[PDB]
Amino acid sequence: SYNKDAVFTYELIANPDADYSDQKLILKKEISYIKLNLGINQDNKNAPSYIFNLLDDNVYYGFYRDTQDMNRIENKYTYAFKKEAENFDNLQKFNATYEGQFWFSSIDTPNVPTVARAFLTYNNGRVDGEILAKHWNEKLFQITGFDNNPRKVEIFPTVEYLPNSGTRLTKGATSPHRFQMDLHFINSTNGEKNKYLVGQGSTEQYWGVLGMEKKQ
Amino acid sequence: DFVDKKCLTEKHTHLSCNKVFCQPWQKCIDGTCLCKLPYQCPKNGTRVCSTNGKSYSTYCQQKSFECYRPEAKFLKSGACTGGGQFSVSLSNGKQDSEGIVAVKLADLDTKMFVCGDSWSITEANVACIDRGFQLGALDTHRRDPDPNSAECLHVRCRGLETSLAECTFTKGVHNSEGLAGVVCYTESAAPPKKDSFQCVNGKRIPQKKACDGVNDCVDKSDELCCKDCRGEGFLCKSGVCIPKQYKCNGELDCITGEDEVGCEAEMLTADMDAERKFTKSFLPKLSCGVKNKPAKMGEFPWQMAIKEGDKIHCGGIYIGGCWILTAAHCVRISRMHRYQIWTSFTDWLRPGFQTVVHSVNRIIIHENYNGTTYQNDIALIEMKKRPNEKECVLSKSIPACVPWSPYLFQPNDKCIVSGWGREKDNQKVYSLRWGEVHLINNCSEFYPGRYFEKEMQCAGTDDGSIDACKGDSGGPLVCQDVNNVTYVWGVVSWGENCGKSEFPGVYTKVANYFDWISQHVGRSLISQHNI
Ligand SMILES: *[C@@H]1O[C@H](CO)[C@@H](O[C@@H]2O[C@H](CO)[C@@H](O)[C@H](O)[C@H]2NC(C)=O)[C@H](O)[C@H]1NC(C)=O
Ligand SMILES: *[C@@H]1O[C@H](CO)[C@@H](O)[C@H](O)[C@H]1NC(C)=O
Ligand SMILES: *[C@@H]1O[C@H](CO)[C@@H](O)[C@H](O)[C@H]1NC(C)=O
Ligand SMILES: *[C@@H]1O[C@H](CO)[C@@H](O)[C@H](O)[C@H]1NC(C)=O
């Protein structure tokens, strides 16, 4: 159930006297819960344990740092939305243009969050858009939808090397690095219909969440 | 003793760009000012003529042609409309080397004398080199003025010009100081070696005129190796003696610029000195070294970190473009695809949005690097370039200036050492840490038989509380000049009993390796002040 005042995450504190490869304990793991305010929410501008952007009371998205091998640190990108705020309306003839953000990380740098701009456009159930980096205008990803599922989107990369990544990728719509996108239509608390779009996707090379919002 | 005996062995000259700024028409390469190509001049200037009768677009073009062909001396400014020559003559002199100084201007047909009041050994040197005496002048004299002549010229020369036409001439009146005299330097008249200083070119001058701030040598060799300045001369931090009038006059005369900090007649000929200063303002200016216990963001935008796997093996220094400076032993070619570059971050476990990561494309390790003595422990890291980007840019990183001479900083200068090194009791440090250290004049006592002064540099704290530990290798040893510009003086090479007093950290003297880096990265990317 949605609770922006208590959201699950992990607080990872490093081992103060951790030796260099002498022991496998280098950080300590505990369960923590946070209350989110409007806008981006984080603790330390130098060592953030969590980034979360509260677009509206009905939805938030972000990531929390997590580990599985107790020796390497990875980012777990997640999103949540109010169940009653999700819109189940028909959209086969729905037209709009959407703006938002796309956070992701790569396999070689799992702990480094990477920002990207996302542009979305719906015309009569047909979806198209483009993804750009923060500081430069390179085409990173392509939004192309399914004719019988506006709620579902396939995403494929268009560059050999993602920002903050050393892993080589395959380009083209036939690339094996595609992944599916589940889009949730969110109505804002003020009564605007389908005000925000959220969704998360993951490959073994990269994983992230899509944070999207209605412009017109 | 105002003269530094140690520096004199280096026989620095006016062309030594490690000790004096090059002229606008030269370039500093392998520690020597090399003359630019006439093409290389800035296109803004005034047309001039040489004694050979050819016109040149700018004064610096003529100076470069001078630097290749000595016989092509500057004659007059403007177009070569008139054919009037520029000659100097000596009269009323027992020996052809001596006599009253008389100058015939290019635009004036009457030979007439020069005033004695504004007459110095610099103008005498210029006059003698103009007459053909390569070794310049010997002394100066003021004789009585001709009662039949009431007009004379006051002349001002920088001291490096090849002819008086490059000097400035002003209208003057015969005053009580009379007219100027000169005796050109000759081997027979050279002073005894006992009480004489030896110029690089062989000229002998009295010891009292060495390191006096006055350019008494032909090539300035008497004013580049000094412990203190005699009389009114101003002493640079780098041991250069400069006259007082060059202080607070608007151009950098000392290498570190301390001469310009804390600063609040009818023209017979054009001011070629004003042209030279004006030309200096058009050389490209490099923007580096300026910024917009644990540290914070932006305190070290030049701080680079190389990661091997999940551990930061060593630190690094950003230099510009896709180039990073790091100790040679910190990297190996065989692990080419494993290194990662991390920037603009404080915690490696918790990087922020501002943190970006780049791959390594090429690594250059110095050829003469020795793995046993740690000599020449420098490596250059070439960051992987974005294929669709014409130029490698890091939006959130500011490169730090690389020193071009080993004389930028002196012993006991305050410098900053930083890195991710080990804490006390070998505790793991997960945040960028920075400390202050002081440079040491001597270090051979602490490390006899292993310390090399030309290549290795020793610094540390008196109490030893703050010191670079293991893992600080590749870390910066940065210093700030009088202008608050950050220079990367050294990179962490090795340390014995890190954190203990009397065992200072040892850092490779990066300034000694400016030529190697510049030849590997492109000189114009990292060079300032035509160097
Ligand atoms: C690295 O430096 C060491 C120390 O000088 C060199 O080893 C000695 O080099 C001298 C040079 O004349 C020889 O006379 C000795 O016989 C060497 N001794 C040993 C044990 O090697 C070493 O050669 C240098 N190596 C490189 C690659 O520069
Ligand atoms: C040099 O002259 C050109 C010609 O118009 C002018 O555009 C430029 O500003 C000048 N540069 C300097 C440094 O005077
Ligand atoms: C520097 O150390 C060496 C070590 O042998 C010594 O010979 C020399 O005199 C020292 N110079 C000083 C202290 O100025
Ligand atoms: C840095 O700037 C401050 C500004 O007043 C100045 O006081 C200080 O001396 C400068 N640092 C150096 C090393 O000159």
# chains A, B, ... in the order shown; residues from 1 in each chain; ligands from 1
$ residues_near_ligand --ligand "ligand 2" --cutoff "8 Å" --atoms "only C-alpha atoms and all ligand atoms" --output "list in words"
residues 42, 43, 44, 45, 279, 281 and 282 of chain B
$ write_last_selection --atoms "N, CA, C and O atoms" --output "PDB file, in the first residue's frame"
ATOM      1  N   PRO B  42      50.316  36.911 -34.276  1.00  0.00           N
ATOM      2  CA  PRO B  42      48.985  37.514 -34.404  1.00  0.00           C
ATOM      3  C   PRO B  42      48.959  38.529 -35.536  1.00  0.00           C
ATOM      4  O   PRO B  42      49.928  39.255 -35.767  1.00  0.00           O
ATOM      5  N   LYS B  43      47.832  38.578 -36.246  1.00  0.00           N
ATOM      6  CA  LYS B  43      47.742  39.408 -37.440  1.00  0.00           C
ATOM      7  C   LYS B  43      47.522  40.884 -37.135  1.00  0.00           C
ATOM      8  O   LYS B  43      47.580  41.702 -38.060  1.00  0.00           O
ATOM      9  N   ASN B  44      47.274  41.249 -35.880  1.00  0.00           N
ATOM     10  CA  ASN B  44      47.100  42.645 -35.503  1.00  0.00           C
ATOM     11  C   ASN B  44      48.452  43.267 -35.182  1.00  0.00           C
ATOM     12  O   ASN B  44      49.210  42.735 -34.366  1.00  0.00           O
ATOM     13  N   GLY B  45      48.748  44.390 -35.824  1.00  0.00           N
ATOM     14  CA  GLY B  45      50.011  45.062 -35.601  1.00  0.00           C
ATOM     15  C   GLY B  45      50.169  46.232 -36.551  1.00  0.00           C
ATOM     16  O   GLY B  45      49.208  46.683 -37.177  1.00  0.00           O
ATOM     17  N   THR B 279      51.155  43.441 -28.144  1.00  0.00           N
ATOM     18  CA  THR B 279      51.093  42.129 -28.778  1.00  0.00           C
ATOM     19  C   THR B 279      50.910  41.022 -27.747  1.00  0.00           C
ATOM     20  O   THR B 279      50.204  40.039 -28.002  1.00  0.00           O
ATOM     21  N   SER B 281      49.150  40.967 -25.178  1.00  0.00           N
ATOM     22  CA  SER B 281      47.765  40.848 -24.749  1.00  0.00           C
ATOM     23  C   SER B 281      46.926  39.990 -25.685  1.00  0.00           C
ATOM     24  O   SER B 281      45.795  39.643 -25.330  1.00  0.00           O
ATOM     25  N   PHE B 282      47.441  39.644 -26.864  1.00  0.00           N
ATOM     26  CA  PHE B 282      46.666  38.903 -27.846  1.00  0.00           C
ATOM     27  C   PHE B 282      46.977  37.413 -27.859  1.00  0.00           C
ATOM     28  O   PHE B 282      46.285  36.660 -28.554  1.00  0.00           O
TER      29      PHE B 282
END
$ residues_near_ligand --ligand "ligand 3" --cutoff "8 Å" --atoms "only C-alpha atoms and all ligand atoms" --output "PDB file with N, CA, C and O atoms, in the first residue's frame"
ATOM      1  N   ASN B 441      63.629  22.024   1.668  1.00  0.00           N
ATOM      2  CA  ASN B 441      64.746  22.371   0.796  1.00  0.00           C
ATOM      3  C   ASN B 441      65.612  21.155   0.500  1.00  0.00           C
ATOM      4  O   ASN B 441      65.893  20.848  -0.665  1.00  0.00           O
ATOM      5  N   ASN B 442      66.042  20.452   1.539  1.00  0.00           N
ATOM      6  CA  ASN B 442      66.886  19.278   1.398  1.00  0.00           C
ATOM      7  C   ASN B 442      66.111  18.034   1.806  1.00  0.00           C
ATOM      8  O   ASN B 442      65.246  18.081   2.687  1.00  0.00           O
ATOM      9  N   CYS B 443      66.427  16.918   1.155  1.00  0.00           N
ATOM     10  CA  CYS B 443      65.808  15.643   1.493  1.00  0.00           C
ATOM     11  C   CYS B 443      66.787  14.484   1.396  1.00  0.00           C
ATOM     12  O   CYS B 443      66.446  13.373   1.811  1.00  0.00           O
ATOM     13  N   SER B 444      68.012  14.719   0.927  1.00  0.00           N
ATOM     14  CA  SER B 444      68.987  13.644   0.797  1.00  0.00           C
ATOM     15  C   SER B 444      69.387  13.071   2.149  1.00  0.00           C
ATOM     16  O   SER B 444      69.774  11.900   2.229  1.00  0.00           O
ATOM     17  N   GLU B 445      69.314  13.868   3.217  1.00  0.00           N
ATOM     18  CA  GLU B 445      69.682  13.351   4.532  1.00  0.00           C
ATOM     19  C   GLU B 445      68.728  12.247   4.970  1.00  0.00           C
ATOM     20  O   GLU B 445      69.159  11.224   5.515  1.00  0.00           O
ATOM     21  N   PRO B 448      69.381   9.013   1.915  1.00  0.00           N
ATOM     22  CA  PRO B 448      70.664   9.100   1.210  1.00  0.00           C
ATOM     23  C   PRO B 448      70.801   8.007   0.166  1.00  0.00           C
ATOM     24  O   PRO B 448      70.428   6.853   0.392  1.00  0.00           O
TER      25      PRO B 448
END
$ interface_residues --of "chain A" --to "chain B" --cutoff "8 Å" --atoms "only C-alpha atoms" --output "NGL selection string"
:A and (16-20 or 45-49 or 72-73 or 111-115 or 135 or 138 or 163-166)
$ write_last_selection --atoms "N, CA, C and O atoms" --output "mmCIF file, in the first residue's frame"
data_model
loop_
_atom_site.group_PDB
_atom_site.id
_atom_site.type_symbol
_atom_site.label_atom_id
_atom_site.label_comp_id
_atom_site.auth_asym_id
_atom_site.auth_seq_id
_atom_site.Cartn_x
_atom_site.Cartn_y
_atom_site.Cartn_z
ATOM 1 N N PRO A 16 33.572 0.929 9.952
ATOM 2 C CA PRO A 16 34.606 1.937 10.248
ATOM 3 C C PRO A 16 36.019 1.387 10.233
ATOM 4 O O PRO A 16 36.931 2.049 9.720
ATOM 5 N N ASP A 17 36.232 0.190 10.775
ATOM 6 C CA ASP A 17 37.561 -0.401 10.850
ATOM 7 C C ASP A 17 37.736 -1.551 9.864
ATOM 8 O O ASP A 17 38.540 -2.458 10.098
ATOM 9 N N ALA A 18 36.979 -1.531 8.768
ATOM 10 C CA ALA A 18 37.105 -2.567 7.753
ATOM 11 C C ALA A 18 38.541 -2.643 7.260
ATOM 12 O O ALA A 18 39.133 -1.629 6.883
ATOM 13 N N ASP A 19 39.114 -3.839 7.287
ATOM 14 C CA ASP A 19 40.457 -4.005 6.763
ATOM 15 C C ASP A 19 40.403 -4.243 5.255
ATOM 16 O O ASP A 19 39.346 -4.490 4.672
ATOM 17 N N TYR A 20 41.570 -4.166 4.626
ATOM 18 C CA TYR A 20 41.682 -4.273 3.174
ATOM 19 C C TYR A 20 41.724 -5.750 2.803
ATOM 20 O O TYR A 20 42.774 -6.393 2.870
ATOM 21 N N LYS A 45 24.044 15.548 0.143
ATOM 22 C CA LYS A 45 24.464 15.979 -1.184
ATOM 23 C C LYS A 45 25.805 15.389 -1.587
ATOM 24 O O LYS A 45 26.159 15.448 -2.768
ATOM 25 N N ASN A 46 26.548 14.815 -0.643
ATOM 26 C CA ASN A 46 27.856 14.238 -0.911
ATOM 27 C C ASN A 46 27.818 12.720 -0.996
ATOM 28 O O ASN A 46 28.532 12.130 -1.812
ATOM 29 N N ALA A 47 27.001 12.075 -0.166
ATOM 30 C CA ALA A 47 26.873 10.617 -0.143
ATOM 31 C C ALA A 47 25.406 10.255 0.035
ATOM 32 O O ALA A 47 24.978 9.828 1.113
ATOM 33 N N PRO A 48 24.601 10.412 -1.014
ATOM 34 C CA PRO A 48 23.165 10.140 -0.881
ATOM 35 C C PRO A 48 22.890 8.645 -0.801
ATOM 36 O O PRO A 48 23.347 7.867 -1.641
ATOM 37 N N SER A 49 22.140 8.250 0.225
ATOM 38 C CA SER A 49 21.690 6.873 0.365
ATOM 39 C C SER A 49 20.402 6.600 -0.391
ATOM 40 O O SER A 49 20.009 5.434 -0.515
ATOM 41 N N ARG A 72 29.803 -5.961 -3.071
ATOM 42 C CA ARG A 72 29.558 -4.971 -4.109
ATOM 43 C C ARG A 72 28.214 -4.302 -3.855
ATOM 44 O O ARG A 72 27.294 -4.907 -3.299
ATOM 45 N N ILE A 73 28.113 -3.039 -4.256
ATOM 46 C CA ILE A 73 26.952 -2.206 -3.970
ATOM 47 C C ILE A 73 26.250 -1.901 -5.286
ATOM 48 O O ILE A 73 26.900 -1.577 -6.287
ATOM 49 N N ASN A 111 26.398 1.199 -8.871
ATOM 50 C CA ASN A 111 26.124 2.135 -7.790
ATOM 51 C C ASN A 111 25.998 3.578 -8.255
ATOM 52 O O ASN A 111 25.583 4.429 -7.463
ATOM 53 N N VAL A 112 26.324 3.874 -9.508
ATOM 54 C CA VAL A 112 26.312 5.241 -10.018
ATOM 55 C C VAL A 112 24.964 5.483 -10.690
ATOM 56 O O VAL A 112 24.660 4.820 -11.695
ATOM 57 N N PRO A 113 24.137 6.390 -10.180
ATOM 58 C CA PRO A 113 22.902 6.735 -10.887
ATOM 59 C C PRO A 113 23.188 7.710 -12.017
ATOM 60 O O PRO A 113 23.987 8.639 -11.878
ATOM 61 N N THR A 114 22.527 7.488 -13.148
ATOM 62 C CA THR A 114 22.717 8.301 -14.340
ATOM 63 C C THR A 114 21.389 8.925 -14.741
ATOM 64 O O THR A 114 20.358 8.246 -14.758
ATOM 65 N N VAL A 115 21.422 10.212 -15.059
ATOM 66 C CA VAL A 115 20.229 10.982 -15.380
ATOM 67 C C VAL A 115 20.101 11.093 -16.892
ATOM 68 O O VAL A 115 21.094 11.071 -17.629
ATOM 69 N N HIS A 135 23.653 16.756 -20.677
ATOM 70 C CA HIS A 135 24.469 17.860 -21.154
ATOM 71 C C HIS A 135 24.663 17.897 -22.662
ATOM 72 O O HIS A 135 25.130 18.917 -23.178
ATOM 73 N N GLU A 138 22.738 13.630 -27.799
ATOM 74 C CA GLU A 138 22.854 12.348 -28.484
ATOM 75 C C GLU A 138 21.589 11.530 -28.278
ATOM 76 O O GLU A 138 20.973 11.574 -27.212
ATOM 77 N N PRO A 163 26.317 6.545 -21.249
ATOM 78 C CA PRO A 163 27.073 7.406 -20.333
ATOM 79 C C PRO A 163 27.333 6.696 -19.014
ATOM 80 O O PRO A 163 26.501 5.925 -18.530
ATOM 81 N N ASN A 164 28.510 6.955 -18.443
ATOM 82 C CA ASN A 164 28.936 6.347 -17.182
ATOM 83 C C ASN A 164 29.021 4.828 -17.289
ATOM 84 O O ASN A 164 28.864 4.116 -16.296
ATOM 85 N N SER A 165 29.262 4.320 -18.495
ATOM 86 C CA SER A 165 29.328 2.886 -18.725
ATOM 87 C C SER A 165 30.458 2.568 -19.691
ATOM 88 O O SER A 165 30.693 3.307 -20.651
ATOM 89 N N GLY A 166 31.158 1.470 -19.425
ATOM 90 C CA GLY A 166 32.158 0.938 -20.322
ATOM 91 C C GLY A 166 31.699 -0.246 -21.141
ATOM 92 O O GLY A 166 32.472 -0.756 -21.958
#
$ residues_near_ligand --ligand "ligand 1" --cutoff "9 Å" --atoms "only C-alpha atoms and all ligand atoms" --output "VMD selection string"
chain B and resid 368 to 375
$ closest_atom_pairs --of "chain B" --to "ligand 4" --cutoff "10 Å" --atoms "only C-alpha atoms and all ligand atoms" --output "Markdown table"
| residue | atom | partner | partner_atom_place_in_ligand_line | distance |
| --- | --- | --- | --- | --- |
| B:258 | CA | ligand 4 | 14 (O) | 9.9 |
| B:261 | CA | ligand 4 | 14 (O) | 9.9 |
| B:413 | CA | ligand 4 | 13 (C) | 9.1 |
| B:414 | CA | ligand 4 | 13 (C) | 7.6 |
| B:415 | CA | ligand 4 | 13 (C) | 8.7 |
| B:479 | CA | ligand 4 | 13 (C) | 7.6 |
| B:480 | CA | ligand 4 | 13 (C) | 4.7 |
| B:481 | CA | ligand 4 | 13 (C) | 5.0 |
| B:482 | CA | ligand 4 | 14 (O) | 3.7 |
| B:483 | CA | ligand 4 | 14 (O) | 5.7 |
| B:484 | CA | ligand 4 | 1 (C) | 4.6 |
| B:485 | CA | ligand 4 | 13 (C) | 8.0 |
| B:486 | CA | ligand 4 | 13 (C) | 8.8 |
$ write_last_selection --atoms "N, CA and C atoms" --output "mmCIF file, in the first residue's frame"
data_model
loop_
_atom_site.group_PDB
_atom_site.id
_atom_site.type_symbol
_atom_site.label_atom_id
_atom_site.label_comp_id
_atom_site.auth_asym_id
_atom_site.auth_seq_id
_atom_site.Cartn_x
_atom_site.Cartn_y
_atom_site.Cartn_z
ATOM 1 N N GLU B 258 54.462 37.990 -8.815
ATOM 2 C CA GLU B 258 54.467 38.789 -7.595
ATOM 3 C C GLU B 258 54.865 40.240 -7.833
ATOM 4 N N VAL B 261 51.245 42.249 -7.977
ATOM 5 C CA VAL B 261 50.224 42.061 -6.954
ATOM 6 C C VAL B 261 50.332 43.207 -5.957
ATOM 7 N N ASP B 413 57.171 26.494 0.865
ATOM 8 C CA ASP B 413 55.907 26.972 0.326
ATOM 9 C C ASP B 413 54.766 26.061 0.759
ATOM 10 N N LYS B 414 53.629 26.669 1.085
ATOM 11 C CA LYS B 414 52.460 25.922 1.531
ATOM 12 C C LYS B 414 51.798 25.242 0.340
ATOM 13 N N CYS B 415 51.621 23.926 0.430
ATOM 14 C CA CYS B 415 50.992 23.159 -0.633
ATOM 15 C C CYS B 415 50.024 22.159 -0.019
ATOM 16 N N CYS B 479 49.639 23.330 -5.256
ATOM 17 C CA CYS B 479 50.010 24.564 -4.584
ATOM 18 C C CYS B 479 49.249 25.720 -5.214
ATOM 19 N N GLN B 480 49.082 26.784 -4.437
ATOM 20 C CA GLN B 480 48.413 27.994 -4.890
ATOM 21 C C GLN B 480 49.411 29.140 -4.891
ATOM 22 N N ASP B 481 49.447 29.889 -5.987
ATOM 23 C CA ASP B 481 50.386 30.992 -6.131
ATOM 24 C C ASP B 481 49.806 32.245 -5.481
ATOM 25 N N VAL B 482 50.434 33.393 -5.745
ATOM 26 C CA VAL B 482 49.939 34.658 -5.215
ATOM 27 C C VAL B 482 48.574 35.001 -5.794
ATOM 28 N N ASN B 483 48.280 34.524 -7.002
ATOM 29 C CA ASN B 483 47.025 34.815 -7.678
ATOM 30 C C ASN B 483 45.951 33.765 -7.417
ATOM 31 N N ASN B 484 46.133 32.920 -6.402
ATOM 32 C CA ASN B 484 45.172 31.882 -6.030
ATOM 33 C C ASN B 484 44.942 30.876 -7.152
ATOM 34 N N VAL B 485 45.905 30.720 -8.052
ATOM 35 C CA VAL B 485 45.818 29.738 -9.125
ATOM 36 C C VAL B 485 46.435 28.433 -8.645
ATOM 37 N N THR B 486 45.718 27.331 -8.845
ATOM 38 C CA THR B 486 46.150 26.026 -8.363
ATOM 39 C C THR B 486 47.086 25.384 -9.380
#
$ select_by_dssp --residues "segment 232-465 of chain B" --states "strand (DSSP E)" --output "PyMOL selection string"
chain B and resi 234-235+241-242+303-308+311-320+323-326+339-343+356-365+379-383+414-419+433-439+456-460
$ atom_distance --atom1 "atom CA of residue 20 of chain B" --atom2 "atom CA of residue 255 of chain B"
6.5 Å
$ residues_around --residues "residue 139 of chain A" --least-positions-apart "2" --cutoff "7 Å" --atoms "only C-alpha atoms" --output "ChimeraX atom specification"
/A:130-132,137,141,158
$ residues_around --residues "residue 190 of chain B" --least-positions-apart "3" --cutoff "8 Å" --atoms "only C-alpha atoms" --output "PyMOL selection string"
chain B and resi 138+185-187+203-205
$ residues_around --residues "residue 39 of chain B" --least-positions-apart "6" --cutoff "12 Å" --atoms "only C-alpha atoms" --output "PyMOL selection string"
chain B and resi 25-26+56-58+60-62+64-65
$ atom_distance --atom1 "atom CA of residue 73 of chain B" --atom2 "atom CA of residue 37 of chain B"
16.5 Å
$ residues_around --residues "segment 176-192 of chain A" --least-positions-apart "6" --cutoff "8 Å" --atoms "only C-alpha atoms" --output "PyMOL selection string"
chain A and resi 56-59+81+85-88+151-157+169-170+198-203+205
$ atom_distance --atom1 "atom CA of residue 491 of chain B" --atom2 "atom CA of residue 383 of chain B"
18.6 Å
$ select_by_dssp --residues "segment 312-462 of chain B" --states "helix (DSSP H, G or I)" --output "PDB file with C-alpha atoms, in the first residue's frame"
ATOM      1  CA  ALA B 328      53.445   5.406 -13.330  1.00  0.00           C
ATOM      2  CA  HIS B 329      53.388   2.521 -10.843  1.00  0.00           C
ATOM      3  CA  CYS B 330      49.647   3.029 -10.291  1.00  0.00           C
ATOM      4  CA  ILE B 333      48.865  -1.686 -19.691  1.00  0.00           C
ATOM      5  CA  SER B 334      47.762  -5.322 -19.347  1.00  0.00           C
ATOM      6  CA  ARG B 335      44.705  -4.218 -17.316  1.00  0.00           C
ATOM      7  CA  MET B 336      43.606  -1.715 -19.955  1.00  0.00           C
ATOM      8  CA  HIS B 337      39.885  -2.498 -20.008  1.00  0.00           C
ATOM      9  CA  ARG B 338      39.480  -2.723 -16.221  1.00  0.00           C
ATOM     10  CA  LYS B 424      45.062   6.438  11.292  1.00  0.00           C
ATOM     11  CA  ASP B 425      45.317   2.823  12.490  1.00  0.00           C
ATOM     12  CA  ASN B 426      44.867   1.766   8.835  1.00  0.00           C
TER      13      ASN B 426
END
$ residues_around --residues "residue 318 of chain B" --least-positions-apart "4" --cutoff "9 Å" --atoms "only C-alpha atoms" --output "list in words"
residues 301, 302, 303, 304, 322, 323, 324, 325, 397, 398, 399 and 400 of chain B
$ write_last_selection --atoms "N, CA and C atoms" --output "mmCIF file, in the first residue's frame"
data_model
loop_
_atom_site.group_PDB
_atom_site.id
_atom_site.type_symbol
_atom_site.label_atom_id
_atom_site.label_comp_id
_atom_site.auth_asym_id
_atom_site.auth_seq_id
_atom_site.Cartn_x
_atom_site.Cartn_y
_atom_site.Cartn_z
ATOM 1 N N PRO B 301 38.057 20.242 -7.904
ATOM 2 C CA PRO B 301 37.490 19.765 -9.175
ATOM 3 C C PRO B 301 38.484 18.993 -10.023
ATOM 4 N N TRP B 302 39.781 19.142 -9.765
ATOM 5 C CA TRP B 302 40.824 18.443 -10.502
ATOM 6 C C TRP B 302 41.093 17.044 -9.968
ATOM 7 N N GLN B 303 40.453 16.659 -8.869
ATOM 8 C CA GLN B 303 40.728 15.376 -8.237
ATOM 9 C C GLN B 303 40.158 14.240 -9.077
ATOM 10 N N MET B 304 41.038 13.392 -9.604
ATOM 11 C CA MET B 304 40.653 12.245 -10.408
ATOM 12 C C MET B 304 40.904 10.974 -9.605
ATOM 13 N N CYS B 322 40.767 15.090 -22.444
ATOM 14 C CA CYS B 322 40.674 13.715 -21.959
ATOM 15 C C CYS B 322 41.988 13.228 -21.366
ATOM 16 N N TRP B 323 42.723 14.073 -20.649
ATOM 17 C CA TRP B 323 44.046 13.718 -20.152
ATOM 18 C C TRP B 323 44.103 13.829 -18.636
ATOM 19 N N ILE B 324 44.683 12.811 -18.001
ATOM 20 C CA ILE B 324 44.822 12.729 -16.554
ATOM 21 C C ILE B 324 46.253 12.330 -16.224
ATOM 22 N N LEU B 325 46.825 12.971 -15.209
ATOM 23 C CA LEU B 325 48.188 12.697 -14.774
ATOM 24 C C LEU B 325 48.149 11.825 -13.525
ATOM 25 N N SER B 397 34.135 19.525 -14.149
ATOM 26 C CA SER B 397 35.521 19.458 -13.708
ATOM 27 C C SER B 397 36.311 20.616 -14.298
ATOM 28 N N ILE B 398 37.140 21.234 -13.471
ATOM 29 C CA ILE B 398 38.001 22.342 -13.871
ATOM 30 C C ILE B 398 39.445 21.855 -13.827
ATOM 31 N N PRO B 399 40.163 21.855 -14.944
ATOM 32 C CA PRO B 399 41.553 21.390 -14.924
ATOM 33 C C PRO B 399 42.443 22.321 -14.121
ATOM 34 N N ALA B 400 43.466 21.734 -13.509
ATOM 35 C CA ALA B 400 44.464 22.482 -12.761
ATOM 36 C C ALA B 400 45.681 22.735 -13.638
#
